[PDB]
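In what follows, a single structure is set out as structure tokens and then discussed.
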Amino acid sequence: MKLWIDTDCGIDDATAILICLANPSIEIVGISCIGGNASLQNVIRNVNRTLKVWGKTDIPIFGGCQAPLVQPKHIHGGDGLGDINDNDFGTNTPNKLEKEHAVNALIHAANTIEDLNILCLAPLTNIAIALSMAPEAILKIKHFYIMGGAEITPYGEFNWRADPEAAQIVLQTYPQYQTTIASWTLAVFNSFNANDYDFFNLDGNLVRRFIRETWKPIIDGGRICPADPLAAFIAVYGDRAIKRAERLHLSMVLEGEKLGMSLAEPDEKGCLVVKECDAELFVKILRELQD
Amino acid sequence: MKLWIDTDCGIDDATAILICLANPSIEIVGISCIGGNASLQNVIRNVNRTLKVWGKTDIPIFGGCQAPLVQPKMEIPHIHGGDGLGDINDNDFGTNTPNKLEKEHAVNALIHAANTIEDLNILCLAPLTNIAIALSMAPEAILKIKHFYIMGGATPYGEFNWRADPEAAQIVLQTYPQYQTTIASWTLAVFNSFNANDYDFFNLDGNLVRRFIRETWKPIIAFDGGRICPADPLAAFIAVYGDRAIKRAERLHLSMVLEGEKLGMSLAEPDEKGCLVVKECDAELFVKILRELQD
Amino acid sequence: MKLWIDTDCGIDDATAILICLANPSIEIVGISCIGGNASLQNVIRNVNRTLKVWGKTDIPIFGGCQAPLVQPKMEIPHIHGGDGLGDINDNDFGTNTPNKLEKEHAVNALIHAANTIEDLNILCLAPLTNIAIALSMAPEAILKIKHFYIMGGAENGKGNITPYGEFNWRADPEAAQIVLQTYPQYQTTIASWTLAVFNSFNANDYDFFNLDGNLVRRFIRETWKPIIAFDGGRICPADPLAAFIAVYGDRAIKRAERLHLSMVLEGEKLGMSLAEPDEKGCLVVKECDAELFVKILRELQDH
Amino acid sequence: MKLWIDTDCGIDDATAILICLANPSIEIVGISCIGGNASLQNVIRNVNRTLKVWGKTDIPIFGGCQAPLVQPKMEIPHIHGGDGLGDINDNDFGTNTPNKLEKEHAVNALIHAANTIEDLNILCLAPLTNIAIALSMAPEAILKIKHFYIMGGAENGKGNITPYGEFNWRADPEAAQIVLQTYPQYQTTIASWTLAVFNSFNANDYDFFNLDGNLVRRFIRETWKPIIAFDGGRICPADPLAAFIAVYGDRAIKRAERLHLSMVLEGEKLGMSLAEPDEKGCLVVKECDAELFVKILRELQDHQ
Ligand SMILES: [Ca+2]
Ligand SMILES: [Ca+2]
Ligand SMILES: [Ca+2]
Ligand SMILES: [Ca+2]
């Protein structure tokens, strides 16, 4: 599976990225960066940290837009990655960043790489702009896997509320039938008690140290809500990752008091909205990658 | 018992406030608000909603500081909802009315209360920002206060109040006598957590208070995966029902870790002049109290 | 003055481009295209016609976006004709010749222009989709642009296509908001639809739209005929005024008003410009020097 | 210029206050006190001494906090003497008179001043405890203040009380961080310790702190004696430089850089100021008009 990743690399992004790095059947052809959890510069820094920790700097990193499309301007720390110390990980080395804008690089990849899939872990600003400039190219992409949206209070949702116009563009331009959704609701339904589960609190190697220290601030009232990892889990392990799912046509509320929330109607040509995951397989995947 | 309450009235604060209102030997002399779970503006709204649902709007409400002393704000709408009180609908409660707010800052109002109300007690349900500012400005006034009852500190993973403003907690722990301090810790709240599919006392109807409790606890229960962790209610239970609420406690000298990887955590050391740190409550009496306030 | 032009070249766009072509102190560095008055395809053809009629076809033309950022296209009555330029015949103008079009998308071209050409100004004659996207992708580059001259909005609150919104900003209100909340309003001059109605002429009292003797005079006469025939000869020449201001600086402006503007992005007033007095908002021109303007409109048609 | 002064009136504070008292276009609307060089109680007495010696006891004095926000009190050698003012004898100055002190706490008084006095400016000569509490309680009121002039920090990272920290900001780094992240840094001018010993004078080649013949000369001469005795005769006039900058504006400033400043709140560099070029940050003064400065210091001591 050839996979592009769009990220606002904060903490759960980095672990999502590791889930893709760990599967040998996955080929990451590019990572685009967008502001969100942290500034665009911090996101590029943090993608670099994540790749350097895993030991595969083989993947081109593209910088995207710095702000949401229309809406004006944290939890993942000051640096967006749990305020970790580069000297404790050996990641105080120059960062790689390609010259092409993330929008142009994604268009070129969609135009030239066959059977390209995309994993969207962030507000959809880069994607929406790409769809605006070359919809024919982006429409060549085989499948969209998106973390975002909510049905558990919806006010925990970040990606689509952060740029509801970009989400609307995606949802009305790229075919929803070829779209799978890992929602914020799903991240809370499949959440774990960190007083009962230890898979984000190991040591022995660089990977475990990285996961343990990055997740510490996010672990919320001591719960692990693994939104972006679940999205990567679904993208990489397909139907085996999914227990329950429903087909829903989705749209953004772009005005009024519910601005940024989403509307969903049962529709068989709509998004595949995952409603429950295989948590046992999920944890096993998380543990295996930390070997 | 004259009681001052400091709160960032989200969901469990509101139920804690109701415990105080429901016991007729408690006189709430004022409620001060601090940002925490939600913005200060939402906390003021939520304190007003709680008092109007109970039917006793004669208690003065003071607004305090907007942010922690130095740490950034850490609002938690994924747990307590966008408004901090589970996004209830005022039109279901008749609370779509103007909010009361006194003109004085909560810091000066607390100082004045401590100077003028004898045997004043304080129940702290939030990051200790307002209290820490009052102790720096007028330690001599705040030290007149008879006893501190504090929800905070922890070990489980997710303590909020002292981690949210660890400098403020340290100011309290190093300025107000720990012997006159009783702690309802996050450990206690986790120890006394209930499963919502086995206990129904937050799922009743028939009157306004039952509807308030049921609807406000909906989002936070769902976030904790079907479990009720009644942190602030336990603190109010301990303050109101005294040694009757306490089954086991230890005297511990507490301090905050203000630097390094354990920033926001506490140290605890056995000490008979430290805080009274509650280890076990009478869970049976507690559930009884929770039900009776809804009658 | 180096100038980039973003246009949905219909009739009044074309006259505005000619106003810039006629002034020898103006260097048109590029012309980007966006749908508006007509489809993108037709705007490209029409910019080609305009340059060919003037006789300066060495200006690069770039195609931009096909649809507004978020809003649907909105079925509007094709006032500028089926082809967007009054349905002229290319055989009547000798413009039955190959078109020119650069390979680069207009957004990337605009970014590259703003990075490499010093003291670049931009004249915006159309919905701001291309400019908004350029500002989202590379705000640093577009913020290098010394000044924005923009035709759009309605300082009063009553425009053409809706009672609240002027056509360009109603067509893509999010794009207009993006420009107005991202590019400095103080460095922006607005030629509103209300300024266009204020400086409105009746074409049966002036003859500068009814000459022949050369190709430019025919081009103006034939293209403007539909607009003149719409509302009994009263022409609100918005884009030509915008160019007039952009080319002739303080001389186009005698009275103007500083208003910070923002878009209404919901409700019936979708696309309306809100104006609030603010001395570092947009320079919203409220009346022009009509004498110099008619003199300019005549001069470009001289042999 | 309406000016609020916050001080731990030790020796250089007092001279800084005299610089403000001496210029007729400066109106001191109030003086708040915080512990530092000495205890709060000594600070209040020392502000009283200064005002009595100058002969303008018309300015209200407010007592502020009793300790830093959260840090324990430093354990340092009292360079400014036991009373915080070089252990002078009140009999040498006629200052054995009642001390004035308003009833309102300095925090509430400052908030009230910021709410009611137009074009208010503040000169901060001490750990920023009073100011940070006022910003925590009522940021909207304190943000009405037109400009902050602050003695503290060391942008080059060379402190005094620690290798990394200047005394005011190391004594209460949280307070300093509070000011720096709440009051607009663009409206803040910094007179750093780096400015202080760049403009350091050796007192055996300069005499302007060693005159006699009137009460102000005796005061300055006697109070500065221990500070001079400290580092072989080198005077680093930090607080006077801050007041000089506050009172004489552009004429006081030779060179400056716009820098965003941050506090180190943990580890061995606790209290150090980080600095990064930023056009909306603090105006960090790099060099003062030393000639005008000495001139100013002499004129206020003139018999005339
Ligand atoms: Ca993410
Ligand atoms: Ca609380
Ligand atoms: Ca146009
Ligand atoms: Ca001082």
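Residues in the structure tokens are named by chain (A, B, ... in the order shown) and by number from 1 within that chain; ligands are numbered from 1 in the order shown.
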Open item on the list: Which residues are close to residue 227 (chain B), i.e. within 8 Å by only C-alpha atoms, leaving aside same-chain residues fewer than 6 positions away? Reply as number ranges by chain.
Closed with: B: 193-196, 221
Task: Residues within 12 Å of residue 108 (chain A), only C-alpha atoms, excluding chain neighbours under 2 positions, as a PyMOL selection string - done: chain A and resi 4+29-30+100-106+110-114+116+130+133-138+140-141
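Taking only C-alpha atoms and all ligand atoms into account, every polymer residue with at least one atom at most 9 Å away from ligand 4 is listed here: residues 6, 7, 8, 9, 10, 11, 12, 13, 14, 16, 36, 37, 124, 125, 126, 127, 151, 152, 167, 168, 238 and 239 of chain D.
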- [ ] Might you pull out every residue within 10 Å of residue 175 (chain A), with only C-alpha atoms counted and same-chain residues fewer than 4 positions away left off, and present them as a VMD selection string?
- [x] chain A and resid 139 143 to 144 170 to 171 179 269 to 271
Please, could you write that set of residues out with N, CA, C and O atoms as an mmCIF file, in the first residue's frame?
data_model
loop_
_atom_site.group_PDB
_atom_site.id
_atom_site.type_symbol
_atom_site.label_atom_id
_atom_site.label_comp_id
_atom_site.auth_asym_id
_atom_site.auth_seq_id
_atom_site.Cartn_x
_atom_site.Cartn_y
_atom_site.Cartn_z
ATOM 1 N N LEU A 139 -8.452 13.493 -7.289
ATOM 2 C CA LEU A 139 -9.486 12.486 -7.482
ATOM 3 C C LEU A 139 -8.914 11.165 -7.999
ATOM 4 O O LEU A 139 -9.629 10.159 -8.016
ATOM 5 N N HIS A 143 -8.073 6.041 -2.185
ATOM 6 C CA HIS A 143 -8.878 6.025 -0.968
ATOM 7 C C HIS A 143 -8.408 7.110 -0.008
ATOM 8 O O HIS A 143 -7.211 7.412 0.066
ATOM 9 N N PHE A 144 -9.359 7.686 0.725
ATOM 10 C CA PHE A 144 -9.092 8.669 1.775
ATOM 11 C C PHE A 144 -9.357 8.029 3.132
ATOM 12 O O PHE A 144 -10.442 7.480 3.355
ATOM 13 N N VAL A 170 -13.259 18.964 1.160
ATOM 14 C CA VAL A 170 -12.931 17.553 0.985
ATOM 15 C C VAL A 170 -14.206 16.738 0.790
ATOM 16 O O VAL A 170 -14.370 16.030 -0.211
ATOM 17 N N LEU A 171 -15.160 16.895 1.707
ATOM 18 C CA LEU A 171 -16.341 16.046 1.733
ATOM 19 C C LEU A 171 -17.266 16.254 0.534
ATOM 20 O O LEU A 171 -18.018 15.342 0.194
ATOM 21 N N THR A 179 -14.039 7.121 1.056
ATOM 22 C CA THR A 179 -13.566 7.782 2.265
ATOM 23 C C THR A 179 -13.947 6.941 3.473
ATOM 24 O O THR A 179 -15.098 6.505 3.599
ATOM 25 N N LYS A 269 -23.810 5.400 -0.339
ATOM 26 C CA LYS A 269 -22.752 5.951 -1.170
ATOM 27 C C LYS A 269 -21.918 6.969 -0.395
ATOM 28 O O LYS A 269 -21.150 7.722 -0.996
ATOM 29 N N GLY A 270 -22.039 6.979 0.935
ATOM 30 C CA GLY A 270 -21.329 7.913 1.780
ATOM 31 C C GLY A 270 -20.074 7.312 2.392
ATOM 32 O O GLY A 270 -19.649 6.204 2.061
ATOM 33 N N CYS A 271 -19.479 8.076 3.311
ATOM 34 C CA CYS A 271 -18.276 7.652 4.018
ATOM 35 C C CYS A 271 -18.528 6.380 4.819
ATOM 36 O O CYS A 271 -19.609 6.172 5.373
#
Task: Proximal residues of chain A relative to chain C (only C-alpha atoms; 7 Å) as an MDAnalysis selection string - done: chainID A and resid 64:65 69:70 129 132:133 165 169 255
- [ ] Within 12 Å of residue 11 (chain A), counting only C-alpha atoms, which residues show up once you throw out same-chain ones fewer than 3 positions away? Write them as a VMD selection string, please.
- [x] chain A and resid 7 to 8 14 to 18 36 to 38 42 to 43 46 to 47 49 to 50 74 to 84 121 to 122 200 210 to 219 224 to 229
Using only C-alpha atoms, which protein or nucleic acid residues come within 6 Å of region 297-301 of chain D? Drop anything in the same chain fewer than 3 positions from it, and give the result as a JSON list (two decimals) with N, CA and C atoms, in the first residue's frame.
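The resulting selection13.json:
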[["chain", "number", "residue", "atom", "x", "y", "z"],
["D", 22, "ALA", "N", 13.91, 64.76, 40.72],
["D", 22, "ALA", "CA", 14.61, 65.97, 40.28],
["D", 22, "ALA", "C", 14.11, 66.54, 38.97],
["D", 216, "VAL", "N", 21.44, 66.07, 50.12],
["D", 216, "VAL", "CA", 21.35, 65.10, 49.03],
["D", 216, "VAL", "C", 22.72, 64.52, 48.71],
["D", 217, "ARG", "N", 23.76, 65.36, 48.72],
["D", 217, "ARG", "CA", 25.12, 64.88, 48.54],
["D", 217, "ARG", "C", 25.55, 63.93, 49.65],
["D", 294, "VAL", "N", 25.83, 61.22, 33.81],
["D", 294, "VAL", "CA", 26.62, 61.86, 34.86],
["D", 294, "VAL", "C", 26.13, 63.29, 35.08]]
Task: Within 7 Å of ligand 2, counting only C-alpha atoms and all ligand atoms, residues as an NGL selection string - done: :B and (7-10 or 12-13 or 37 or 125-126 or 232)
Give me the residues near residue 218 (chain D) as a short mmCIF file (atom, residue, chain, number, x, y, z; two decimals) with C-alpha atoms, in the first residue's frame, where near means some atom within 12 Å (using only C-alpha atoms) and where sequence neighbours in that chain fewer than 3 positions away do not count.
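Output saved as around_3.cif:
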data_model
loop_
_atom_site.label_atom_id
_atom_site.label_comp_id
_atom_site.auth_asym_id
_atom_site.auth_seq_id
_atom_site.Cartn_x
_atom_site.Cartn_y
_atom_site.Cartn_z
CA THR D 50 14.68 59.16 50.45
CA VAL D 53 16.04 63.93 52.34
CA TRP D 54 14.87 65.21 48.96
CA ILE D 88 23.09 55.02 57.47
CA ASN D 89 22.40 56.90 60.69
CA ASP D 90 19.07 58.73 60.70
CA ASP D 92 22.95 62.34 59.98
CA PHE D 93 19.81 63.20 57.99
CA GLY D 94 17.06 64.37 60.35
CA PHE D 208 29.70 62.30 41.52
CA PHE D 209 28.87 59.82 44.34
CA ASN D 210 31.41 61.46 46.67
CA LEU D 211 30.30 65.10 47.24
CA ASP D 212 29.43 67.00 50.49
CA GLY D 213 27.84 70.32 51.28
CA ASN D 214 24.13 69.48 51.35
CA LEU D 215 21.71 66.74 52.46
CA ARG D 221 27.69 59.66 49.33
CA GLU D 222 26.89 57.70 52.50
CA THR D 223 24.45 55.23 50.93
CA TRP D 224 26.72 54.27 48.04
CA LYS D 225 29.76 53.69 50.32
CA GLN D 301 23.07 67.30 43.86
CA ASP D 302 23.86 70.93 42.96
#
- [ ] Would you please give, as a VMD selection string, all residues of region 60-287 of chain D that DSSP assigns to helix (DSSP H, G or I) based on the backbone?
- [x] chain D and resid 90 to 92 106 to 116 129 to 137 139 to 142 167 to 171 173 to 182 185 to 187 193 to 198 215 to 230 238 to 252
Open item on the list: Show me which residues line ligand 3, defined as having an atom within 6 Å of a ligand atom where only C-alpha atoms and all ligand atoms count, and present them as a PyMOL selection string.
Closed with: chain C and resi 7-9+13+125-126+239
Selection file, N, CA, C and O atoms, as a PDB file, in the first residue's frame:
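As written to disk, again-v7.pdb reads:
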ATOM      1  N   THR C   7      -8.283  38.597 -13.330  1.00  0.00           N
ATOM      2  CA  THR C   7      -9.476  39.028 -14.048  1.00  0.00           C
ATOM      3  C   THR C   7     -10.382  37.842 -14.338  1.00  0.00           C
ATOM      4  O   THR C   7      -9.917  36.706 -14.463  1.00  0.00           O
ATOM      5  N   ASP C   8     -11.680  38.129 -14.465  1.00  0.00           N
ATOM      6  CA  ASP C   8     -12.664  37.200 -15.005  1.00  0.00           C
ATOM      7  C   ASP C   8     -13.156  37.797 -16.314  1.00  0.00           C
ATOM      8  O   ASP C   8     -14.364  37.810 -16.602  1.00  0.00           O
ATOM      9  N   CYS C   9     -12.186  38.282 -17.092  1.00  0.00           N
ATOM     10  CA  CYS C   9     -12.365  39.130 -18.256  1.00  0.00           C
ATOM     11  C   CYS C   9     -13.718  38.913 -18.893  1.00  0.00           C
ATOM     12  O   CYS C   9     -13.937  37.948 -19.635  1.00  0.00           O
ATOM     13  N   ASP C  13     -13.827  44.306 -17.482  1.00  0.00           N
ATOM     14  CA  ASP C  13     -12.449  43.855 -17.280  1.00  0.00           C
ATOM     15  C   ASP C  13     -11.562  44.234 -18.457  1.00  0.00           C
ATOM     16  O   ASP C  13     -10.414  44.654 -18.277  1.00  0.00           O
ATOM     17  N   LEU C 125      -9.633  42.168 -10.319  1.00  0.00           N
ATOM     18  CA  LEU C 125     -10.840  42.547 -11.037  1.00  0.00           C
ATOM     19  C   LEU C 125     -11.931  41.498 -10.952  1.00  0.00           C
ATOM     20  O   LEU C 125     -12.913  41.581 -11.700  1.00  0.00           O
ATOM     21  N   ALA C 126     -11.810  40.536 -10.048  1.00  0.00           N
ATOM     22  CA  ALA C 126     -12.619  39.330 -10.145  1.00  0.00           C
ATOM     23  C   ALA C 126     -12.797  38.697  -8.766  1.00  0.00           C
ATOM     24  O   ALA C 126     -12.193  39.166  -7.793  1.00  0.00           O
ATOM     25  N   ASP C 239     -14.793  47.872 -13.001  1.00  0.00           N
ATOM     26  CA  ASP C 239     -13.397  47.523 -13.262  1.00  0.00           C
ATOM     27  C   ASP C 239     -12.619  48.659 -13.904  1.00  0.00           C
ATOM     28  O   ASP C 239     -11.485  48.915 -13.459  1.00  0.00           O
TER      29      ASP C 239
END
TODO: Tell me, in Å to one decimal, how far CA of residue 54 (chain C) is from CA of residue 228 (chain C).
DONE: 22.1 Å
- [ ] Specify as number ranges by chain all residues of chain B found within 8 Å of chain A, counting only C-alpha atoms.
- [x] B: 72, 74, 76-79, 81-82, 86, 156-160, 218-220, 222-225
- [ ] Return as a VMD selection string the full set of residues in region 120-165 of chain D whose backbone-based DSSP assignment is strand (DSSP E or B).
- [x] chain D and resid 120 to 124 147 to 151
Save the residues we just selected, N, CA and C atoms, as a short mmCIF file (atom, residue, chain, number, x, y, z; two decimals), in the first residue's frame?
data_model
loop_
_atom_site.label_atom_id
_atom_site.label_comp_id
_atom_site.auth_asym_id
_atom_site.auth_seq_id
_atom_site.Cartn_x
_atom_site.Cartn_y
_atom_site.Cartn_z
N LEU D 120 -0.65 56.48 32.30
CA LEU D 120 0.21 56.05 33.40
C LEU D 120 1.37 55.23 32.86
N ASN D 121 2.56 55.46 33.41
CA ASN D 121 3.75 54.66 33.17
C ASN D 121 4.25 54.10 34.50
N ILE D 122 5.02 53.03 34.43
CA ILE D 122 5.55 52.38 35.62
C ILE D 122 7.03 52.11 35.43
N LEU D 123 7.80 52.38 36.48
CA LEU D 123 9.22 52.07 36.52
C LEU D 123 9.41 51.00 37.59
N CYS D 124 9.85 49.81 37.19
CA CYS D 124 9.96 48.68 38.10
C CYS D 124 11.42 48.50 38.44
N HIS D 147 3.21 52.34 29.39
CA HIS D 147 4.54 51.75 29.15
C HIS D 147 5.14 51.23 30.46
N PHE D 148 5.89 50.12 30.36
CA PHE D 148 6.68 49.52 31.45
C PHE D 148 8.16 49.83 31.22
N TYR D 149 8.83 50.39 32.22
CA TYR D 149 10.28 50.49 32.24
C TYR D 149 10.79 49.58 33.36
N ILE D 150 11.66 48.64 33.02
CA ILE D 150 12.02 47.58 33.96
C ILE D 150 13.53 47.43 34.07
N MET D 151 14.03 47.54 35.30
CA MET D 151 15.39 47.10 35.60
C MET D 151 15.34 45.62 35.95
#
Open item on the list: Using only C-alpha atoms, I'd like every residue of chain B that has an atom within 10 Å of chain D; please write them out as a ChimeraX atom specification.
Closed with: /B:63-71,105-108,129-130,132-139,167-172,174-175,258-260,263
Task: Atomic separation - CA of residue 101 (chain D) relative to CA of residue 116 (chain D), Å - done: 20.7 Å
Task: residue 114 (chain B) surroundings by only C-alpha atoms, 6 Å radius, close-in-sequence under 6 positions cut, as a PyMOL selection string - done: chain B and resi 141-142+145
TODO: For CA of residue 150 (chain A) and CA of residue 172 (chain C), quote the distance in Å rounded to one decimal.
DONE: 28.0 Å
